[PDB]
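# Geometric and topological summary
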Amino acid sequence: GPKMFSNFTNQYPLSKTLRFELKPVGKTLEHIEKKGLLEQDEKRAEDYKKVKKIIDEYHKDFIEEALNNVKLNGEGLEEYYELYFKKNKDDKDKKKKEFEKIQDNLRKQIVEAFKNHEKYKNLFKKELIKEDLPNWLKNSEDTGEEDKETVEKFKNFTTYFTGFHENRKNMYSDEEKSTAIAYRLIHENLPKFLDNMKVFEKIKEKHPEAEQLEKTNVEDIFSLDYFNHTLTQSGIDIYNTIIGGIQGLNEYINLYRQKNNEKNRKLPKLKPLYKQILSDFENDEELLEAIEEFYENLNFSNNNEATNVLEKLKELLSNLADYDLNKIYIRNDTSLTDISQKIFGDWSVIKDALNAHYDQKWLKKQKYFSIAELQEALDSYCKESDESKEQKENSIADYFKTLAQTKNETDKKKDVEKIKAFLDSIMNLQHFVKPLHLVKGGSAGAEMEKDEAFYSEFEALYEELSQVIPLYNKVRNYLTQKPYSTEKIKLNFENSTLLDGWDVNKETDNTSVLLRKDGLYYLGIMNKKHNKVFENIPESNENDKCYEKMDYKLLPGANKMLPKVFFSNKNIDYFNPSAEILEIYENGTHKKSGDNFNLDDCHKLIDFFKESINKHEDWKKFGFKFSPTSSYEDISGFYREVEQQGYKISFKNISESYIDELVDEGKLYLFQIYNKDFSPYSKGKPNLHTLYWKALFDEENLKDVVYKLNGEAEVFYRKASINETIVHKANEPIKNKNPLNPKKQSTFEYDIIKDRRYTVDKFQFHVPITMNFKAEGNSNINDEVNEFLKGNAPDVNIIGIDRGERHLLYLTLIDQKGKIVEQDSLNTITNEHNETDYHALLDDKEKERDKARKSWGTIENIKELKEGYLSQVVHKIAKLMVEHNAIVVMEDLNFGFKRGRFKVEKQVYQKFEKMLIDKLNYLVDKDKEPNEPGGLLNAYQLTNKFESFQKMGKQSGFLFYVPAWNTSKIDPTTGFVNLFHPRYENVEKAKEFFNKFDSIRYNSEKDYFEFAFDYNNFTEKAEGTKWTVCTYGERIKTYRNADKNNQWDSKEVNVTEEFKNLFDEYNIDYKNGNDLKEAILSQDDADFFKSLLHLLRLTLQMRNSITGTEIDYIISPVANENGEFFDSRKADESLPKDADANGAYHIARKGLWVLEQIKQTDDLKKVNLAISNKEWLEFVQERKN
RNA sequence: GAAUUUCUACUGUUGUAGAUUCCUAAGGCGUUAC
DNA sequence: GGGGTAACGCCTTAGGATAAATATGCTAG
DNA sequence: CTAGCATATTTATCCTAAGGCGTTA
Ligand SMILES: [Mg+2]
Ligand SMILES: [Mg+2]
Ligand SMILES: [Mg+2]
Ligand SMILES: [Mg+2]
Ligand SMILES: [Mg+2]
């Protein structure tokens, strides 16, 4: 248990943000409201967003004005051209290093073009907002007084923009990051530009095409060196306009490839370049008024001729029989499908008649057909299934008038239900009449002379009903848009650098202190006018009650704070560095990155740094205990030691009366850092974040720091989102929800208000902390994990997690020998208290979501439940692994995803893997002792830090990822796998395929058949041994999938019985006991071969699935060389019981193979954890172990 | 019709059990119903 | 499996999680 | 003319250690 993971603690540091609630104390809120800080901070946030937009426009203008004067050398361009398109060749140094060199050359050229502009000097400084942005706005043609006023509001709040300016600094960088202009222009636009150039050259040179060759500026006439003008946003925009879309160069090719219908012509479609970085109802009354207006417009009062669209349209449709059918047009869209379904009951009669009798080429597909042509086609449609003579007569007109009047005879008609019903009826009528409506004009010709008396009225009548679609769009935009809003406003309390640091020296500039009284922590944000109130404390006497202010001391960055302080202009005369030390620092001989490294020079510099630290008045109080200077391989170790030992927290008693006077006078804004575990009523185990916060200041933790209090915290303000409430009244019993609780009625002495935290305005507080403050260097622990697994072989179990069809998640824990130790479905979780059948309520929420989205009142959710269900599975996995000494093997959803039809989709399982990785990065137990492996101060770290879904490979510490190929269709016994593919419809090939069978004989004993073959004949890849697949398994058949009497269904069929009933029809004798291999070569009767192959597909695949009950098993058709065939129903408690545990068991077996591979290999740090199909299949069929 | 830094399941009784890394910025992709 | 559209969702990446030196506004003069 | 204080704004700049391919559910 604890010994296997005892060494994997304190490996790498993590940074996590703790969130609390700030309860105002005393007169804090009164003074805040009196000074109007909340409204001013809301206005400040609005102004901040507007100034962000203005600065973004300034940056766009700077980019446009700077990249129009860049001139690429050109010599490197052709070098990149030849390197990129010199075929695949081999992944050698010339393929990678030279490519990186030329890419870096181009990026440096672009960055040099960037830095040459004068604006770049003061682009991320106060000079921008103070004098460059106002000048730019003045020179702006449109600008406005509002823009200048918003900019001038931030005249002194320049330090508020430091984060935004550091975000903007990434764009003008030559690094390999994806947030850089140069990186984009080199890695995304230019490669696609080269591809487009080559493909256009090939297309032009190969041969002329049907479309015009664009011969009749233009990128075609000027293509070489055009990329130099593509760099600017305007240049690439004009390029994309020329090529994309308006007639473009590739528009003709797109029009012509559809004529070709060729894959080799579809690909030449030229891809567009990526855009440049930084480039570009009211209420229910109105809805009711609009509904009433539409109702008045539709029905009105039958004044000034019949304007009622409801009845005039019906009369016009009924009169279609009298009107000539040679000029009435009909849509070729799904309206034809609906007409066919309504008239005959089959939605394919009319289309089949049109495609088989009207004409037979590309059938001259036209948008609109003719009523006369449809009638002629339907008058003779080969009569697939109908009466000998059909009284269709004017079938189209008869159906039209029928659906117009005799459908229901109820066409004429604040609550949504009535409005929704009326709208749905109107849309049904409009969709019914849509096929008779003409869309646009000049649609593939046709549109000859029409019936004036009918179409002239129809076009005028349909325009009134055409207003529903914009009305529907407005309705769906307004009425469908959850009860609460998690919108918060950042509070600064008039301080730009608020909470930026906790240090004692910076507490007057950051105006934030941390107090603590009787186990409750408080946050004091002094008024900016009175920021020096925590420096003149009269006394720290203990006789009266006192708070406990925090004395926070830090040396954040050693490599920066040491040279900055020791070599500054105002301190270099104090520490007095010798000329040798100055020369050493200037030359860079101390830096290992530099080429002039000298160990003695670095050691001399470190000795000088130690002497200066002992000279410093503030830093000599850190109690720095340094290892001997001769043991530093480089200054990096000294910096690590300085950073580790440079952190101290002490608490100073300050009189409570003084703090209360400060709060009352308005000089201090006292908030209580709150969390429901700080309540005087809380009695159970607290949250993990509560434990971390309490351990931040624990004396045991402060003895050797593990958790560190970070700076740059934030205070937010969230308003109320739910005015009305849903309160459970006091002294009124409430029905319990869980169906396993022994108690059904719960009565409380107090009110319980649903979403109480969203009905009142709440302050917030986001505290960053650093766990494992002294974890030296181990971010990739795979080297230690494999080295440990190489030695302790008969101690480590394996855990396999699979996402099944009947179970949300399944887990199987197998020993190192192979036999299962513990298997359990994870669709239900069993804690120390009531168990949640997460499978059930997930399906209930799935049903409720569609029910709500269908009628009205959509709340969705579901995703949070599925992402809150895995939060318990993750804890279960962690506890099981810690208490069973097991590695975790899971599916690899990058290189091998499984199919669909799973309760946990691919994207949800990816988040489950991410959350498991995140939980295993710092795994504490809420019950273990602090100084115990796995406790609060000795957390397990069994997984590398998360970087990306693709950054993690086939191992993430103690986690392993294996391909999910052939994991659910193999035997726990000797591993027969269905590698067959009958592939019928080729009569000639069936005889050859069946010829390769070694022996097809009837076994009178044991009642089943016997198929003998070898996997060398089929599946040309030579692997495995001779198999003896029998006909004892796979007794579930699906008849068909569509309609009725051939819908998805399950019928229990005895495969031997079907064998006998198929063989007796052709006198293939089998009772003699001899083989029938030389009996099927009789040819003829392709239906017999089809049925035989369909039955063969029903006798060699193990999984038998049903669409109804939980009936599911993996009964196998092969022998276990012992006299029995594996069946999931007869579970041995050591083989997967259900049909879903097979996948988990085989993933655990893949993990066992990974363990064995690690054991055999003696080349750690380069182990090959990728298991291919061949070696996996060999491993499963262990035969003689 | 159920309390929460926040989420999920709760009533475990002004709360129970387990996840919980927050802010800012850039870009790419995808049902859809227009 | 469908002709030149964005409200909405998903994904990727990047920066930070700082104290102290230094320049500037304001009072004093 | 102007020493001193308070406040806002730019500044200082390590080193490791990487990471890949078996097709198919
Ligand atoms: Mg400040
Ligand atoms: Mg709790
Ligand atoms: Mg699976
Ligand atoms: Mg809580
Ligand atoms: Mg809830």
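In case you missed it, the structure is sitting above this.
For the structure given in this document, a descriptive report is provided here. (Residues numbered from 1 in each chain as written, not as in the entry; some residues may be left out. Chains lettered and ligands numbered in written order. Heavy atoms only, no water.)

### Let's talk about the coordination of the magnesium ion (ligand 3)
At 2.0 to 2.4 Å from the magnesium ion (ligand 3) lie its protein donor atoms, namely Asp 802 (OD), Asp 802 (OD) and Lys 898 (NZ). Remark: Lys 898 occurs in the loop between β20 (886–891) and α34 (906–921) and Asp 802 occurs in strand β17 (residues 797–802); sequence separation between them is 96 residues. Given the relative accessible area of 2%, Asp 802 is considered buried. (Donors = N, O, S within 2.8 Å, 3.2 Å for Na, K, Ca; no water. Helix = DSSP H or I, 4+ residues; strand = E, 2+ residues; numbered from the N terminus. Buried < 20%, exposed > 50% of the residue type's maximum accessible area, 1.4 Å probe, protein only.)

### Overview of unusual backbone geometry
Its identity as a non-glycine residue notwithstanding, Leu 499 has a phi of 60°, on the positive side. Accessibility expressed as a relative area gives 0% for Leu 499, which makes it buried. At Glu 1133, a residue that is not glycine, the phi angle is positive and equals roughly 65°. Taking the relative accessible area as the measure of exposure, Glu 1133 reaches 65% and is therefore exposed.

### Overview of the pattern of salt bridges
Considering all chains together, one arrives at 46 salt bridges under this definition. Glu 98 is the salt-bridge partner of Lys 101, the closest N and O atoms lying 3.4 Å from each other. Here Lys 101 pairs with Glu 98, and both are found in helix α4 (residues 93–116), just 3 residues apart, close to one helical turn. Residue class for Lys 101 comes out partly exposed when judged on its relative accessible area of 44%. Here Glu 98 falls in the partly exposed class, since its relative accessible area comes to 24%. Note that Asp 352 and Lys 351 form a salt bridge whose closest N and O atoms lie 3.0 Å from each other. Relative accessible area serves as the criterion here: at 44%, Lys 351 is assigned to the partly exposed category. (Salt bridge = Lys/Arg side-chain N within 4 Å of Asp/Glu carboxyl O.)

### Description of the packing of helix α15 (residues 334–344) against helix α18 (residues 395–406)
The interhelical angle for the contact between α15 and α18, taken along N-to-C directions, is 90°, at an axis separation of 11 Å. Comparing the axis directions of α15 and α18 gives the class roughly perpendicular. Between α15 and α18, the contacting residues are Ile 339, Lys 342 and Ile 343 on the first element and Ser 395, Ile 396 and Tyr 399 on the second. For the contact of α15 with α18, the per-class residue count stands at 4 nonpolar, 1 polar and 1 charged. (Axes fitted to C-alpha atoms, helices over the stretch in contact; angles between N-to-C directions. Parallel < 35°, antiparallel > 145°, perpendicular 65-115°, else oblique. Contact = heavy atoms within 4.5 Å. Nonpolar A, V, L, I, M, F, W, Y, C, P; charged D, E, K, R; others polar.)

### A few points about the packing of aromatic side chains
For the coordinates displayed, the defined rule picks out 103 aromatic pairs. Residue placement shows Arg 44 over the ring face of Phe 157; its charged tip is 4.4 Å from the ring centre. Directly above the ring of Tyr 455 sits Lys 450, whose terminal nitrogen or CZ lies 4.6 Å from the centroid. (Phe/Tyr/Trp six-rings, centres within 6.5 Å; stacked < 30°, edge-to-face > 60°. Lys NZ or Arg CZ within 6 Å of the ring centre and 35° of its normal.)

### Describing the protein's contact with DNA strand D
Near DNA strand D there are 36 residues, and of these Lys 126, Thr 159, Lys 564, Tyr 585 and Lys 592 occur at the shortest range. The protein-proximal atoms of DNA strand D, defined as those within 4 Å of the protein, are 65% sugar or phosphate. Separating a phosphate oxygen of DNA strand D from a side-chain N or O atom of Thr 158 is a distance of 3.3 Å. Examining the composition of the surface near DNA strand D, we find that 4 residues originate from one element, helix α23 (residues 558–566), more than from any other. Among the residues forming the surface near DNA strand D, the class breakdown is 9 nonpolar, 12 polar and 15 charged. (Near = heavy atom within 4 Å. Polar contact = N/O pair within 3.5 Å; in protein donor to acceptor, adjacent residues only side chain to side chain.)

### Considering a positive patch on the surface
A surface patch of positive charge is lined by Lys 86, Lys 87, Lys 89, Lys 92 and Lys 95. Take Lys 95: it is sitting in helix α4. (Patch = residues over 30% accessible without salt bridge, like charges linked within 9 Å, V, L, I, M, F, W, Y side chains within 5 Å. Areas by Shrake-Rupley, 256 points an atom, 1.4 Å probe, with all protein chains shown as cover. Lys, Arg positive; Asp, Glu negative; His and termini not counted. Charge placed at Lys NZ, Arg CZ, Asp CG, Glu CD.)

### Notes on the protein's contact with DNA strand C
Near DNA strand C there are 31 residues, and of these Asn 505, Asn 571, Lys 708, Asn 710 and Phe 949 occur at the shortest range. Backbone sugar and phosphate groups make up 82% of those atoms of DNA strand C lying within 4 Å of the protein. With respect to DNA strand C, the side chain of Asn 710 contributes an N or O atom lying 2.8 Å from a phosphate oxygen. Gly 711 places a polar main-chain atom, nitrogen or oxygen, 3.4 Å from a sugar or linking oxygen of DNA strand C. Residue assignment for the surface near DNA strand C shows that the elements contributing at least two residues are α7 (162–169) and α23. It is α23 that contributes the most residues to the surface near DNA strand C, 3 residues altogether.

### A closer look at helix α1 (residues 28–35)
An α-helix turns once per 3.6 residues; consequently, residues spaced three or four apart project the same way. Within α1, burial applies to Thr 28, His 31 and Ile 32. The buried residues of α1 occupy an angular sector of 100° when the element is viewed end-on, so they sit on one face. Seen from the buried face of α1, the exposed residues on the opposite side, beyond 90 degrees, are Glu 33 and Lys 34. Check the buried side of α1 and you find it contacts β1 (14–24), α2 (37–66), α28 (656–665) and β9 (668–674). Where α1 ends, the next residue or the one after it, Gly 36, has phi of about 60°, a positive value. (Arc of directions from axis to C-beta.)

### Notes on the pairing of strand β21 (residues 959–962)
Burial of the side chains of β21 extends over both faces: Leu 959 and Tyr 961 are buried on one face and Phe 960 and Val 962 on the other. Summarising the sheet, β20 and β21 pair through 4 bridges and their orientation is parallel. In the sheet register, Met 890 faces β21, and the bridge partner there is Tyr 961. Tracing the backbone out of β20, into α34 and back to the parallel element β21 gives a crossover that is right-handed. (Pairing = 2+ DSSP bridges. Right-handed = clockwise from strand over helix to strand, strands pointing away.)

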